[PDB]
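First comes the structure, then the notes that go with it.
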Amino acid sequence: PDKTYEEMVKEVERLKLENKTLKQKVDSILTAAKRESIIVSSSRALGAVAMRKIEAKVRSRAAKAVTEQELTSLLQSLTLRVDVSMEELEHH
Amino acid sequence: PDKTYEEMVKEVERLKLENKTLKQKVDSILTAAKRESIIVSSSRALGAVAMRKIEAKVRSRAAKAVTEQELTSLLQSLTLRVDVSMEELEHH
Amino acid sequence: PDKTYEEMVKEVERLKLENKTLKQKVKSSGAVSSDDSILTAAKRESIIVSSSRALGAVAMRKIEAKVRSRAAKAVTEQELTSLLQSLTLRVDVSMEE
Amino acid sequence: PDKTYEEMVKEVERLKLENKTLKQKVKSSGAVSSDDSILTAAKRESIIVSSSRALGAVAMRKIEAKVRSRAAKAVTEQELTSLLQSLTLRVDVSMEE
């Protein structure tokens with residue numbers, strides 16, 4: 001829970017959810033700065049999951065290519081459907 | 001392409017697909033031993049993808065738990081839908 | 001030059017501080033059943049990992065089964081490879097299993 | 001004691017050997033358009049990574065957009081957190097974009 005966006009965001013989300021639970025045992029309006037901060041960081045974490053899924057898929061699909069023109073063509077013809085979810089963020 | 005099941009299987013699949021392409025530029029009946037070998041290794045690679053997705057999800061869902069009885073209960077109540085695909089194997 | 005990342009590093013610390021303060025009050029106040037206990041980080045990690053590994057083993061059992069079923073149709077290396085390459089499985093798992 | 005893993009280590013080597021032999025013949029035979037070329041490993045890796053990064057950037061643009069749209073409904077920290085926690089997005093990407 002210390003280096004990548006996935007790790008950092010996942011830990012922040014866990015602490016926020018644990019905090020909330022701790023509060024019910026004993027909320028605040030969102031600043032625009034904080035909303036922006038959460039949006040950008042969360043998006044980056046999701047974007048990280050998408051990045052690794054995309055590279056994995058491209059590699060698999062490009063596997064059959066042997067020549068440059070072959071690889072180049074296959075890539076440009078590609079359209080990938082990628083699913084990313086916050087619960088998929090890796091802890092470490 | 002040298003340590004985990006994901007990495008090894010992904011590289012074997014790439015070489016097999018490249019091999020096939022190389023052959024069309026210039027197939028054999030499956031032995032039962034080889035079918036078993038491919039089945040077990042492929043399953044292990046997929047199982048590896050499932051493992052990391054499952055841990056990620058459990059952690060996210062368990063986030064709100066603060067006590068032991070709380071965590072224990074939440075876990076036992078869990079049912080996870082996990083999607084794994086061969087093209088998701090990570091190269092490195 | 002990641003200002004957004006720095007803000008999170010601080011936010012994580014803020015959350016830790018407060019969450020440590022809140023556990024303090026939860027304990028001081030008597031809202032922790034004597035029968036129960038507040039999770040230590042190491043304890044939580046031990047339970048979570050152990051449970052995740054258990055679910056993994058269930059998923060692993062089920063995955064192999066489906067791969068076996070799909071691999072039944074192939075009789076050549078090329079067939080099995082093409083078949084596995086596009087393979088996508090869905091697996092459900094519960095601690096009960 | 002992984003007999004299955006050992007078999008793959010050998011299989012990867014076998015495939016490399018043969019695939020190196022096959023490229024040899026593909027080159028010797030004239031089936032490589034003078035205009036074209038057989039991919040070197042380092043060259044292939046450079047193109048694949050560069051292309052993957054390009055698609056990643058497109059996915060990243062789209063993902064942020066959807067997060068922005070979803071985060072529009074939240075006005076408190078607790079709301080946004082609960083909202084993002086269950087968030088699942090689907091994104092399509094093509095080199096064209």
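As shown in the structure tokens, the chain order sets the letters A, B, ...; within each chain, residues go from 1, and ligands are also counted from 1 in the order they appear.
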
List the spatial neighbours of residue 62 in chain A as JSON, numbers by chain - criterion: any atom at most 9 Å away, only C-alpha atoms, same-chain residues fewer than 3 positions off excluded.
{"A": [57, 58, 59, 65, 66, 70, 71, 74, 75], "B": [14], "D": [48]}

Residues from the last selection, N, CA, C and O atoms, saved as a short mmCIF file (atom, residue, chain, number, x, y, z; two decimals), in the first residue's frame:
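Result written to part.cif:
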data_model
loop_
_atom_site.label_atom_id
_atom_site.label_comp_id
_atom_site.auth_asym_id
_atom_site.auth_seq_id
_atom_site.Cartn_x
_atom_site.Cartn_y
_atom_site.Cartn_z
N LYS A 57 -3.95 -8.19 -23.49
CA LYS A 57 -4.77 -8.51 -24.66
C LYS A 57 -4.06 -8.26 -25.99
O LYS A 57 -4.10 -9.11 -26.90
N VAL A 58 -3.42 -7.10 -26.12
CA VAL A 58 -2.70 -6.79 -27.35
C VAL A 58 -1.69 -7.89 -27.63
O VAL A 58 -1.64 -8.42 -28.74
N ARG A 59 -0.90 -8.24 -26.62
CA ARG A 59 0.11 -9.28 -26.76
C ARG A 59 -0.49 -10.62 -27.21
O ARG A 59 0.04 -11.30 -28.09
N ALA A 65 1.35 -12.73 -35.30
CA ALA A 65 2.13 -11.91 -36.23
C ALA A 65 3.61 -12.27 -36.21
O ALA A 65 4.20 -12.42 -35.14
N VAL A 66 4.21 -12.42 -37.40
CA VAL A 66 5.63 -12.75 -37.53
C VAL A 66 6.41 -11.60 -38.18
O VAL A 66 7.56 -11.35 -37.83
N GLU A 70 2.87 -7.28 -40.75
CA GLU A 70 1.86 -8.18 -40.16
C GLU A 70 1.41 -7.69 -38.78
O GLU A 70 0.21 -7.64 -38.50
N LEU A 71 2.37 -7.34 -37.94
CA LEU A 71 2.08 -6.85 -36.59
C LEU A 71 1.37 -5.50 -36.68
O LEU A 71 0.32 -5.29 -36.07
N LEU A 74 -2.29 -5.83 -37.85
CA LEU A 74 -3.12 -6.45 -36.81
C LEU A 74 -3.45 -5.45 -35.70
O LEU A 74 -4.60 -5.37 -35.26
N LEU A 75 -2.45 -4.69 -35.27
CA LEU A 75 -2.65 -3.70 -34.21
C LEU A 75 -3.68 -2.63 -34.61
O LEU A 75 -4.63 -2.37 -33.87
N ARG B 14 2.09 -17.83 -27.02
CA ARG B 14 2.59 -16.95 -28.08
C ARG B 14 3.46 -17.72 -29.09
O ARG B 14 3.32 -17.55 -30.30
N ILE D 48 4.83 -3.35 -29.78
CA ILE D 48 3.74 -3.79 -28.92
C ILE D 48 3.56 -2.88 -27.70
O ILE D 48 2.44 -2.46 -27.39
#

Rotated and translated chain A onto chain B by C-alpha atoms, as a CSV table (one decimal) with N, CA, C and O atoms, in the first residue's frame:
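What landed in out-v5.csv:
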chain,number,residue,atom,x,y,z
A,1,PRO,N,8.8,-13.4,-19.1
A,1,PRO,CA,8.4,-14.7,-19.6
A,1,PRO,C,9.2,-15.9,-19.0
A,1,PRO,O,9.5,-16.8,-19.7
A,2,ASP,N,9.5,-15.8,-17.6
A,2,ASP,CA,10.3,-16.8,-17.0
A,2,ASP,C,10.0,-17.3,-15.6
A,2,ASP,O,10.6,-18.2,-15.1
A,3,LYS,N,9.0,-16.7,-14.9
A,3,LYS,CA,8.7,-17.2,-13.5
A,3,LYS,C,7.4,-17.7,-13.1
A,3,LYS,O,7.3,-18.9,-12.8
A,4,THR,N,6.3,-16.9,-13.2
A,4,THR,CA,5.0,-17.4,-12.9
A,4,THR,C,4.3,-18.2,-13.9
A,4,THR,O,4.7,-18.3,-15.1
A,5,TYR,N,3.2,-18.9,-13.5
A,5,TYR,CA,2.4,-19.7,-14.5
A,5,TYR,C,1.8,-18.8,-15.5
A,5,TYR,O,1.7,-19.2,-16.7
A,6,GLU,N,1.4,-17.6,-15.1
A,6,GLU,CA,0.9,-16.6,-16.1
A,6,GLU,C,1.9,-16.3,-17.2
A,6,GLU,O,1.6,-16.4,-18.4
A,7,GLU,N,3.1,-16.0,-16.7
A,7,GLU,CA,4.1,-15.6,-17.7
A,7,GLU,C,4.5,-16.8,-18.6
A,7,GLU,O,4.7,-16.6,-19.8
A,8,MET,N,4.8,-17.9,-18.0
A,8,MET,CA,5.2,-19.1,-18.7
A,8,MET,C,4.1,-19.5,-19.7
A,8,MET,O,4.4,-19.7,-20.9
A,9,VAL,N,2.9,-19.7,-19.3
A,9,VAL,CA,1.8,-20.1,-20.2
A,9,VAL,C,1.6,-19.1,-21.3
A,9,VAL,O,1.4,-19.5,-22.4
A,10,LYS,N,1.6,-17.8,-21.0
A,10,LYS,CA,1.4,-16.8,-22.0
A,10,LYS,C,2.5,-16.9,-23.1
A,10,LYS,O,2.2,-16.7,-24.3
A,11,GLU,N,3.8,-17.2,-22.7
A,11,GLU,CA,4.9,-17.3,-23.6
A,11,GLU,C,4.7,-18.5,-24.5
A,11,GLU,O,5.0,-18.5,-25.7
A,12,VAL,N,4.3,-19.6,-23.9
A,12,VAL,CA,4.1,-20.9,-24.6
A,12,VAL,C,3.0,-20.7,-25.6
A,12,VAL,O,3.1,-21.1,-26.8
A,13,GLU,N,1.9,-20.0,-25.2
A,13,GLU,CA,0.8,-19.7,-26.2
A,13,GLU,C,1.3,-18.8,-27.3
A,13,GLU,O,0.9,-19.1,-28.5
A,14,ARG,N,2.1,-17.8,-27.0
A,14,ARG,CA,2.6,-16.9,-28.1
A,14,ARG,C,3.5,-17.7,-29.1
A,14,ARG,O,3.3,-17.5,-30.3
A,15,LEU,N,4.4,-18.5,-28.6
A,15,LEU,CA,5.3,-19.3,-29.4
A,15,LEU,C,4.5,-20.3,-30.3
A,15,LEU,O,4.8,-20.5,-31.4
A,16,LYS,N,3.4,-20.9,-29.7
A,16,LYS,CA,2.6,-21.9,-30.4
A,16,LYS,C,1.8,-21.2,-31.5
A,16,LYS,O,1.7,-21.7,-32.6
A,17,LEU,N,1.4,-19.9,-31.3
A,17,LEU,CA,0.7,-19.2,-32.3
A,17,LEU,C,1.6,-18.6,-33.3
A,17,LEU,O,1.2,-18.5,-34.5
A,18,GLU,N,2.8,-18.3,-32.9
A,18,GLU,CA,3.8,-17.8,-33.9
A,18,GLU,C,4.3,-19.0,-34.8
A,18,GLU,O,4.5,-18.9,-36.0
A,19,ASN,N,4.4,-20.2,-34.1
A,19,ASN,CA,4.9,-21.4,-34.8
A,19,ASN,C,3.9,-21.7,-35.9
A,19,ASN,O,4.3,-21.9,-37.1
A,20,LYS,N,2.6,-21.7,-35.6
A,20,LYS,CA,1.6,-21.9,-36.6
A,20,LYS,C,1.6,-21.0,-37.8
A,20,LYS,O,1.5,-21.4,-38.9
A,21,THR,N,1.9,-19.7,-37.5
A,21,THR,CA,2.0,-18.7,-38.5
A,21,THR,C,3.2,-19.0,-39.4
A,21,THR,O,3.2,-18.9,-40.6
A,22,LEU,N,4.3,-19.5,-38.8
A,22,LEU,CA,5.5,-19.8,-39.5
A,22,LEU,C,5.3,-21.1,-40.4
A,22,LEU,O,5.9,-21.2,-41.4
A,23,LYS,N,4.4,-22.0,-39.9
A,23,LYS,CA,4.2,-23.2,-40.7
A,23,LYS,C,3.4,-22.9,-42.0
A,23,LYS,O,3.6,-23.5,-43.0
A,24,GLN,N,2.4,-21.9,-41.9
A,24,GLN,CA,1.6,-21.6,-43.0
A,24,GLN,C,2.5,-20.9,-44.1
A,24,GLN,O,2.1,-20.7,-45.2
A,25,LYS,N,3.6,-20.4,-43.7
A,25,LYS,CA,4.5,-19.7,-44.6
A,25,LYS,C,5.4,-20.6,-45.4
A,25,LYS,O,6.1,-20.2,-46.4
A,26,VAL,N,5.5,-21.9,-45.0
A,26,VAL,CA,6.4,-22.8,-45.8
A,26,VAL,C,5.6,-23.9,-46.4
A,26,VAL,O,4.9,-24.8,-45.8
A,27,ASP,N,0.4,-29.5,-38.4
A,27,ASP,CA,-0.4,-29.8,-37.2
A,27,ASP,C,-0.2,-31.3,-36.8
A,27,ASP,O,0.0,-32.1,-37.7
A,28,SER,N,-0.4,-31.7,-35.6
A,28,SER,CA,-0.2,-33.0,-35.1
A,28,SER,C,-1.3,-33.4,-34.1
A,28,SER,O,-1.7,-32.6,-33.3
A,29,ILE,N,-1.7,-34.7,-34.1
A,29,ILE,CA,-2.7,-35.2,-33.2
A,29,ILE,C,-2.2,-35.1,-31.8
A,29,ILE,O,-1.0,-35.5,-31.5
A,30,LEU,N,-3.0,-34.7,-30.9
A,30,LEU,CA,-2.7,-34.5,-29.5
A,30,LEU,C,-2.5,-35.8,-28.7
A,30,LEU,O,-3.4,-36.7,-28.7
A,31,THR,N,-1.4,-36.0,-28.1
A,31,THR,CA,-1.1,-37.1,-27.2
A,31,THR,C,-2.0,-36.9,-26.0
A,31,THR,O,-2.4,-35.7,-25.8
A,32,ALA,N,-2.3,-37.9,-25.2
A,32,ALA,CA,-3.1,-37.7,-24.0
A,32,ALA,C,-2.3,-37.1,-23.0
A,32,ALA,O,-2.8,-36.3,-22.1
A,33,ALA,N,-1.0,-37.3,-23.0
A,33,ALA,CA,-0.1,-36.7,-22.0
A,33,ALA,C,0.0,-35.2,-22.2
A,33,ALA,O,0.0,-34.4,-21.3
A,34,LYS,N,0.2,-34.9,-23.5
A,34,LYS,CA,0.3,-33.5,-23.9
A,34,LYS,C,-1.1,-32.7,-23.6
A,34,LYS,O,-1.0,-31.5,-23.3
A,35,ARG,N,-2.2,-33.4,-23.9
A,35,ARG,CA,-3.5,-32.7,-23.6
A,35,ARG,C,-3.5,-32.4,-22.1
A,35,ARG,O,-3.9,-31.3,-21.7
A,36,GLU,N,-3.2,-33.4,-21.3
A,36,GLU,CA,-3.2,-33.3,-19.8
A,36,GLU,C,-2.3,-32.1,-19.4
A,36,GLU,O,-2.7,-31.3,-18.5
A,37,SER,N,-1.1,-32.1,-20.0
A,37,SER,CA,-0.1,-31.1,-19.7
A,37,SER,C,-0.6,-29.7,-20.0
A,37,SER,O,-0.4,-28.8,-19.2
A,38,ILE,N,-1.2,-29.5,-21.1
A,38,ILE,CA,-1.8,-28.2,-21.5
A,38,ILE,C,-2.9,-27.8,-20.6
A,38,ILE,O,-3.0,-26.6,-20.2
A,39,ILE,N,-3.8,-28.8,-20.4
A,39,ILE,CA,-5.0,-28.5,-19.5
A,39,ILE,C,-4.6,-28.1,-18.1
A,39,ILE,O,-5.1,-27.1,-17.6
A,40,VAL,N,-3.7,-28.8,-17.5
A,40,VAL,CA,-3.3,-28.5,-16.1
A,40,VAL,C,-2.5,-27.1,-16.0
A,40,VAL,O,-2.8,-26.3,-15.1
A,41,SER,N,-1.6,-26.9,-17.0
A,41,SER,CA,-0.8,-25.7,-16.9
A,41,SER,C,-1.7,-24.5,-17.3
A,41,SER,O,-1.6,-23.4,-16.6
A,42,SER,N,-2.6,-24.6,-18.3
A,42,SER,CA,-3.5,-23.5,-18.7
A,42,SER,C,-4.4,-23.2,-17.5
A,42,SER,O,-4.6,-22.0,-17.2
A,43,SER,N,-4.9,-24.2,-16.8
A,43,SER,CA,-5.8,-24.0,-15.7
A,43,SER,C,-5.1,-23.3,-14.6
A,43,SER,O,-5.6,-22.5,-13.9
A,44,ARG,N,-3.8,-23.7,-14.4
A,44,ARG,CA,-3.0,-23.0,-13.3
A,44,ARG,C,-2.8,-21.5,-13.6
A,44,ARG,O,-2.9,-20.7,-12.7
A,45,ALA,N,-2.6,-21.2,-14.8
A,45,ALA,CA,-2.4,-19.8,-15.2
A,45,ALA,C,-3.7,-19.1,-15.0
A,45,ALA,O,-3.7,-18.0,-14.4
A,46,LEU,N,-4.8,-19.6,-15.5
A,46,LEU,CA,-6.2,-19.0,-15.3
A,46,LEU,C,-6.4,-18.9,-13.8
A,46,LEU,O,-6.9,-17.9,-13.3
A,47,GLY,N,-6.1,-20.0,-13.0
A,47,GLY,CA,-6.3,-20.0,-11.6
A,47,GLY,C,-5.5,-18.9,-10.9
A,47,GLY,O,-5.9,-18.3,-9.9
A,48,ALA,N,-4.4,-18.5,-11.5
A,48,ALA,CA,-3.5,-17.4,-11.0
A,48,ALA,C,-4.2,-16.1,-11.2
A,48,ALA,O,-4.2,-15.2,-10.3
A,49,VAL,N,-4.9,-15.9,-12.3
A,49,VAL,CA,-5.6,-14.7,-12.6
A,49,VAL,C,-6.8,-14.6,-11.6
A,49,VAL,O,-7.0,-13.5,-11.0
A,50,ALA,N,-7.5,-15.7,-11.4
A,50,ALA,CA,-8.6,-15.7,-10.5
A,50,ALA,C,-8.1,-15.4,-9.1
A,50,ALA,O,-8.8,-14.6,-8.4
A,51,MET,N,-7.0,-16.0,-8.7
A,51,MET,CA,-6.4,-15.7,-7.4
A,51,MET,C,-6.2,-14.2,-7.1
A,51,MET,O,-6.7,-13.7,-6.0
A,52,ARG,N,-5.6,-13.5,-8.0
A,52,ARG,CA,-5.3,-12.1,-7.7
A,52,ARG,C,-6.6,-11.3,-7.8
A,52,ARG,O,-6.8,-10.3,-7.1
A,53,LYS,N,-7.6,-11.7,-8.7
A,53,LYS,CA,-8.8,-10.9,-8.8
A,53,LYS,C,-9.6,-11.2,-7.5
A,53,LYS,O,-10.2,-10.2,-6.9
A,54,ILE,N,-9.6,-12.4,-7.0
A,54,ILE,CA,-10.4,-12.7,-5.8
A,54,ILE,C,-9.8,-12.0,-4.5
A,54,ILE,O,-10.6,-11.4,-3.7
A,55,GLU,N,-8.5,-12.0,-4.4
A,55,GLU,CA,-7.9,-11.3,-3.2
A,55,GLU,C,-8.3,-9.8,-3.3
A,55,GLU,O,-8.6,-9.2,-2.3
A,56,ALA,N,-8.2,-9.2,-4.5
A,56,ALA,CA,-8.5,-7.8,-4.7
A,56,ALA,C,-10.0,-7.5,-4.2
A,56,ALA,O,-10.2,-6.6,-3.5
A,57,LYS,N,-10.9,-8.3,-4.7
A,57,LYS,CA,-12.3,-8.2,-4.3
A,57,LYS,C,-12.6,-8.4,-2.9
A,57,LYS,O,-13.3,-7.6,-2.2
A,58,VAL,N,-12.1,-9.5,-2.3
A,58,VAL,CA,-12.3,-9.7,-0.9
A,58,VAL,C,-11.9,-8.5,-0.1
A,58,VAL,O,-12.6,-8.0,0.8
A,59,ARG,N,-10.7,-8.0,-0.3
A,59,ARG,CA,-10.1,-6.9,0.4
A,59,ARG,C,-11.0,-5.6,0.3
A,59,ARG,O,-11.3,-4.9,1.2
A,60,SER,N,-11.5,-5.4,-0.9
A,60,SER,CA,-12.4,-4.2,-1.1
A,60,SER,C,-13.7,-4.4,-0.3
A,60,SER,O,-14.0,-3.5,0.5
A,61,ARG,N,-14.3,-5.5,-0.4
A,61,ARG,CA,-15.6,-5.8,0.3
A,61,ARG,C,-15.4,-5.9,1.8
A,61,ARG,O,-16.3,-5.5,2.6
A,62,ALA,N,-14.2,-6.3,2.3
A,62,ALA,CA,-14.0,-6.5,3.7
A,62,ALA,C,-13.6,-5.1,4.3
A,62,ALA,O,-13.6,-5.0,5.5
A,63,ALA,N,-13.3,-4.1,3.5
A,63,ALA,CA,-12.8,-2.8,3.9
A,63,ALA,C,-13.6,-2.2,5.1
A,63,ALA,O,-13.0,-1.7,6.0
A,64,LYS,N,-14.9,-2.3,5.1
A,64,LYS,CA,-15.8,-1.8,6.1
A,64,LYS,C,-15.7,-2.5,7.5
A,64,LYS,O,-16.1,-1.9,8.5
A,65,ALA,N,-15.2,-3.7,7.5
A,65,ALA,CA,-15.1,-4.5,8.8
A,65,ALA,C,-14.0,-3.9,9.7
A,65,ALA,O,-12.9,-3.6,9.2
A,66,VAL,N,-14.4,-3.7,11.0
A,66,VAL,CA,-13.4,-3.2,12.0
A,66,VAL,C,-13.1,-4.3,13.0
A,66,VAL,O,-12.0,-4.4,13.5
A,67,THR,N,-14.1,-5.1,13.4
A,67,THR,CA,-13.9,-6.2,14.3
A,67,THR,C,-13.7,-7.6,13.7
A,67,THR,O,-14.0,-7.7,12.5
A,68,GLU,N,-13.2,-8.5,14.5
A,68,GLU,CA,-13.0,-9.9,14.0
A,68,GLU,C,-14.3,-10.6,13.6
A,68,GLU,O,-14.4,-11.1,12.5
A,69,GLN,N,-15.2,-10.5,14.5
A,69,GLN,CA,-16.5,-11.1,14.3
A,69,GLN,C,-17.1,-10.4,13.0
A,69,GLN,O,-17.8,-11.1,12.2
A,70,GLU,N,-16.9,-9.2,12.9
A,70,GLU,CA,-17.3,-8.4,11.7
A,70,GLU,C,-16.7,-8.9,10.4
A,70,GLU,O,-17.4,-9.0,9.4
A,71,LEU,N,-15.4,-9.0,10.4
A,71,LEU,CA,-14.7,-9.5,9.2
A,71,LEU,C,-15.1,-10.9,8.9
A,71,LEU,O,-15.5,-11.2,7.8
A,72,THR,N,-15.0,-11.8,9.9
A,72,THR,CA,-15.4,-13.2,9.8
A,72,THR,C,-16.8,-13.4,9.2
A,72,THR,O,-17.0,-14.2,8.3
A,73,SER,N,-17.8,-12.6,9.7
A,73,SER,CA,-19.1,-12.7,9.2
A,73,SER,C,-19.2,-12.3,7.7
A,73,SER,O,-19.8,-13.0,6.9
A,74,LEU,N,-18.6,-11.1,7.4
A,74,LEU,CA,-18.7,-10.6,6.1
A,74,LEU,C,-18.1,-11.6,5.1
A,74,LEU,O,-18.6,-11.8,4.0
A,75,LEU,N,-16.9,-12.2,5.4
A,75,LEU,CA,-16.3,-13.1,4.5
A,75,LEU,C,-17.2,-14.3,4.2
A,75,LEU,O,-17.4,-14.7,3.0
A,76,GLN,N,-17.7,-15.0,5.3
A,76,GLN,CA,-18.5,-16.1,5.1
A,76,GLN,C,-19.8,-15.9,4.3
A,76,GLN,O,-20.4,-16.8,3.7
A,77,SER,N,-20.2,-14.6,4.3
A,77,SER,CA,-21.4,-14.2,3.5
A,77,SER,C,-21.1,-13.9,2.1
A,77,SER,O,-22.0,-13.6,1.3
A,78,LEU,N,-19.8,-14.0,1.7
A,78,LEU,CA,-19.4,-13.6,0.4
A,78,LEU,C,-19.5,-14.7,-0.7
A,78,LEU,O,-19.3,-15.9,-0.4
A,79,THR,N,-19.9,-14.2,-1.9
A,79,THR,CA,-20.0,-15.0,-3.1
A,79,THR,C,-19.5,-14.1,-4.2
A,79,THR,O,-20.0,-13.0,-4.4
A,80,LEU,N,-18.4,-14.5,-4.8
A,80,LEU,CA,-17.8,-13.7,-5.8
A,80,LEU,C,-17.9,-14.3,-7.2
A,80,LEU,O,-17.8,-15.5,-7.5
A,81,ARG,N,-18.2,-13.4,-8.2
A,81,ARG,CA,-18.3,-13.8,-9.6
A,81,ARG,C,-16.9,-13.3,-10.1
A,81,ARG,O,-16.6,-12.1,-10.2
A,82,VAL,N,-16.1,-14.2,-10.6
A,82,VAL,CA,-14.8,-13.9,-11.2
A,82,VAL,C,-14.7,-14.3,-12.6
A,82,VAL,O,-15.1,-15.4,-13.0
A,83,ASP,N,-14.3,-13.3,-13.4
A,83,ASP,CA,-14.1,-13.6,-14.9
A,83,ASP,C,-12.6,-13.7,-15.1
A,83,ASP,O,-11.8,-12.9,-14.7
A,84,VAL,N,-12.2,-14.8,-15.8
A,84,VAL,CA,-10.8,-15.0,-16.2
A,84,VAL,C,-10.8,-15.4,-17.6
A,84,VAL,O,-11.6,-16.2,-18.1
A,85,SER,N,-9.8,-14.9,-18.4
A,85,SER,CA,-9.6,-15.2,-19.8
A,85,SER,C,-8.1,-15.3,-20.1
A,85,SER,O,-7.3,-14.6,-19.5
A,86,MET,N,-7.8,-16.2,-21.0
A,86,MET,CA,-6.4,-16.5,-21.4
A,86,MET,C,-5.7,-15.2,-21.9
A,86,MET,O,-4.5,-15.1,-21.7
A,87,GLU,N,-6.5,-14.4,-22.5
A,87,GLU,CA,-5.8,-13.2,-23.1
A,87,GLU,C,-5.5,-12.2,-22.0
A,87,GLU,O,-4.7,-11.2,-22.2
A,88,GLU,N,-5.9,-12.4,-20.7
A,88,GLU,CA,-5.6,-11.6,-19.6
A,88,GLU,C,-4.3,-12.0,-18.9
A,88,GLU,O,-3.9,-11.3,-17.9
A,89,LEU,N,-3.7,-13.1,-19.3
A,89,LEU,CA,-2.4,-13.5,-18.7
A,89,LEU,C,-1.4,-12.4,-18.8
A,89,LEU,O,-1.3,-11.8,-19.9
A,90,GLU,N,-0.7,-12.1,-17.7
A,90,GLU,CA,0.2,-11.0,-17.8
A,90,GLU,C,1.6,-11.5,-18.3
A,90,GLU,O,2.1,-12.5,-17.8
A,91,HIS,N,2.1,-10.7,-19.2
A,91,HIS,CA,3.4,-11.0,-19.9
A,91,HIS,C,4.6,-11.0,-18.9
A,91,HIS,O,5.5,-11.8,-18.9
A,92,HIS,N,4.5,-10.0,-18.0
A,92,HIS,CA,5.6,-9.9,-17.0
A,92,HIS,C,5.1,-9.1,-15.8
A,92,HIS,O,5.0,-9.8,-14.7

Within 8 Å of chain B, which residues of chain C show up when using only C-alpha atoms, listed as number ranges by chain?
C: 36-39, 44, 48-49, 51-53, 55-56, 59-60, 63-64, 67-68, 71, 75-78, 81-82, 84-96

Between CA of residue 57 in chain C and CA of residue 97 in chain C, what is the distance in Å, rounded to a tenth?
9.9 Å

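The coordinates place CA of residue 20 in chain C at 19.7 Å from CA of residue 34 in chain C.
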
Which of range 30-92 of chain B fall in alpha helix (DSSP H), as a count of residues only
40

So which residues of range 16-96 of chain C fall under strand (DSSP E or B) by DSSP, listed as a PyMOL selection string?
chain C and resi 38+76+88-94

Expected file: the selected residues, C-alpha atoms, as a PDB file, in the first residue's frame:
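So the final result, stored in out16.pdb, reads:
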ATOM      1  CA  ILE C  38     -11.037  -4.639  17.155  1.00  0.00           C
ATOM      2  CA  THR C  76      -4.611 -31.294 -32.327  1.00  0.00           C
ATOM      3  CA  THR C  88     -13.197 -16.785 -21.173  1.00  0.00           C
ATOM      4  CA  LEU C  89     -14.700 -18.432 -18.115  1.00  0.00           C
ATOM      5  CA  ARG C  90     -16.873 -17.144 -15.368  1.00  0.00           C
ATOM      6  CA  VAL C  91     -16.555 -18.593 -11.898  1.00  0.00           C
ATOM      7  CA  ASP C  92     -18.598 -18.176  -8.732  1.00  0.00           C
ATOM      8  CA  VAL C  93     -17.118 -18.934  -5.329  1.00  0.00           C
ATOM      9  CA  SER C  94     -18.221 -18.859  -1.703  1.00  0.00           C
TER      10      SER C  94
END
